[PDB]
């Protein structure tokens, strides 16, 4: 991967929300030496959100005692008692290796998050676990993970959300150590997802109003929805979360954008947040990928995106995504191709493996318009990005790789006004991925695609009528 974060070696999994220390963002992520094997927390720094510097393991796997997801905060006021500016983290671990005992362990660092010391006693015990007996109770006790910590400025205390089976739990605390149980957050459509890696934060919209957001990784495949990240805007009063609407909004419509996390940007912490996700899906994550045999590592994170909250008519709010601004500094060549009308198919005179392509498509009678990336000259391999019906689709089907096939999860789609007769597309292509930012970024589709060495072409296509392809610009992205 040219511009996507990958581990030096081993298995990459869930990223942990970054903390800001030493002028950079400190990213943590689950790492294991074996694919989908037991592991812990590794460390990587980044100052711009594009290039990362790996520092190795910081919260190691212990004998039959792995480290799962959680989060970390900079105890600036020294409320935890480990010192002013101490980086305090909570992480779920299966006590005694017992899954039904998975609970929250605290770790703290005095050097900005580079080395952590462990507090032996869990700060939030899995009481249900020890009482669980029925097959229903133990299943519940086996889903009490991923603590996301947030400082509630209004009440002056810490609030923490934990993912449970088809619901989320809340706890408050004045010192990150002693937690008081609050009311749960329930939602109607359980066919959505069971809440893993929940997110909790406050953000200011373009109209100046403050809002809370509760989100989480879901699995809504069964009902035709994504298996990525969904959020509910609302408010937290210190005892329970009030969603403005119980039907959540999605942040990505692609196949691979799981365990996503968000963090405040250094330059505008209240209005602009950064986000990054693990580009993988559990439907097939536990397996060997091309990079394993060629480089000994498995997994990459998505590009870092910027998030902002925009007011909508009717008084509701939605998030908007766009590639991290600094990516522009890694552009090594900018190629513009003349506008053109195509009726059927046409191959662009450009080839590459890591780049960003922007273009507009306007049509009338055409029922299908689109662009194909990673096109092999033998004409057999390619990934299709286009508009059909009410779908803005990304079909990685013709890019399936022998022995690493992603079937049947080939065609991802985001909703788009079927009445639209034009659309703007910003597409990021890298050696093992495709990320499509549609229009103004309200809808994004992220997916891993196993491109071959010769999958470097690009072609345009329409079905049922001509389409005008304009503003075509291709930006080659480099290592630095």
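Positions refer to the first chain, counted from 1.
Participant: Select between 329-337 and 73-81 the stretch whose C-alpha atoms have the higher average B-factor in the entry.
Facilitator: Mean CA B-factor is higher for 73-81.
Participant: So, looking at the entry's B-factor column for Cα atoms, which has the higher mean, 412-420 or 55-63?
Facilitator: It is 55-63.
Participant: Of the options 106, 191, 392, 357, which has the highest CA B factor as deposited?
Facilitator: When the deposited C-alpha B-factors of 106, 191, 392, 357 are compared, 191 is largest.
Participant: Just the C-alpha B-factor column, please: which of 201, 241, 363, 257 has the biggest number?
Facilitator: Largest recorded C-alpha B-factor: 241.
Participant: Would you check the entry's CA temperature factor for residue 33 and let me know if it's in the chain's lowest, middle or highest third?
Facilitator: Ranked within chain, residue 33 CA B lands in the highest tercile.
Participant: C-alpha B factor of residue 374, ranked within the chain: lowest, middle or highest third?
Facilitator: Lowest third.
Participant: Could you place residue 306 in the lowest, middle or highest third of its chain by Cα temperature factor, using the values in the record?
Facilitator: Lowest third of the chain for residue 306's C-alpha B-factor.
Participant: Report the third (lowest, middle or highest) to which the CA temperature factor of residue 471 belongs, ranking only the modelled residues of the same chain.
Facilitator: It falls in the bottom third of the chain.
Participant: Which third, lowest, middle or highest, does the C-alpha temperature factor of residue 152 belong to within its own chain?
Facilitator: It falls in the middle third of the chain.
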